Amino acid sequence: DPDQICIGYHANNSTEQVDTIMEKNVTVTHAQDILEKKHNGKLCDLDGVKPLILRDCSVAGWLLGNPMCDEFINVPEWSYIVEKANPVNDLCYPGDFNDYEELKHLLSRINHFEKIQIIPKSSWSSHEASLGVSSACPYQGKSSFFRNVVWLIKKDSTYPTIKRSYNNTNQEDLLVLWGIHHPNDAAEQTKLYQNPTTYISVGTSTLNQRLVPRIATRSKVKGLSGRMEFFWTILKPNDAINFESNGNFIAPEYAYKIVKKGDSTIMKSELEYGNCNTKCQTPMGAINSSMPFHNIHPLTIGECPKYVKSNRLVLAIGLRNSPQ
């Protein structure tokens, strides 16, 4: 029988299949998937700064010091904020927060954060500082209020015109929060604040604000038809903020020093901290991938692969292999 030599190619026991532009379900000797489908099921640090996780509190409740939220623990910096879909503790006394979404966006990523006392509660000599409480905002079974602001009321049937300044002597921007109380009628107005017609004026180098209480008959929320409306500004270093008011004033006690470099966003997730680190976070877990694509979740924060609607992206590496 004459000698022969033959040319051929590798086959093996692979059942892996790929699709080509002209042909589906081609069995090949080796294939590789370029779609990331795996996450770790946890909320992690981002490169590698921890997130601010608010548990059952909203950003507003956290900032204002809603007593129903947990005690304020110092977190000097964070990469993103995690809020639950519907935090049970938001504004314990019902009302509104002015430019709330822009504030939450400003606070999403913070390089330095420090709460300081700017106007001591004990410094209100001509007003009653410890009578502004409600059963709506309980603290240890006792009627209370947002802990970082002060609900001032009249003393001895008198509300003398307030004139306070705080000067930002610190070397950092200062987030300052205050509010106005909108009562239900004129009888309540005079009962709380004596003076029938009132205002709150606030000025900085840029801010020129004058608020007045709007009366209206309103539906009860948590048993109350009154409303607290909160405002904020950023006080530059070496600038000063000037308050003037003859009623309805929810004064600041604490403010927050801020250093902002980057910006991120608010993540809605029901997960808790996972003591991990990642470069790409989703609300159902972090992903740790060099892959170009992923299909886990669109609401990601970080440096992530491109989000696609696909169950698989498998590249052929090896050869056309006979199937089973």
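Position 1 is the first residue in the sequence shown; the rest follow in order.
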### Message
Mean Cα B factor from the PDB record: higher for 182-190, or higher for 228-236?
### Response
182-190
### Query
Which has the higher mean CA temperature factor in the PDB entry, 120-128 or 202-210?
120-128
### Query
Say you rank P292, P67, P298, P283 by Cα B-factor from the PDB entry; which sits at the top?
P67
## Note on the structure
Max C-alpha B-factor within the set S58, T29, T265, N288 falls on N288
### Query
Hey, what third does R147 fall into on Cα B-factor, ranked over its chain?
middle
### Query
Once the chain's modelled residues are ordered by C-alpha B factor and cut into thirds, is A255 in the lowest, middle or highest one?
lowest
#### Entry: Where the record places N248 (Cα B-factor, split into thirds across the chain)
middle
### Query
Lowest, middle or highest third of the chain for the C-alpha temperature factor of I73?
highest
### Message
When the deposited Cα B-factors of this chain's modelled residues are ordered and cut into thirds, is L103 in the lowest, the middle or the highest one?
### Response
lowest
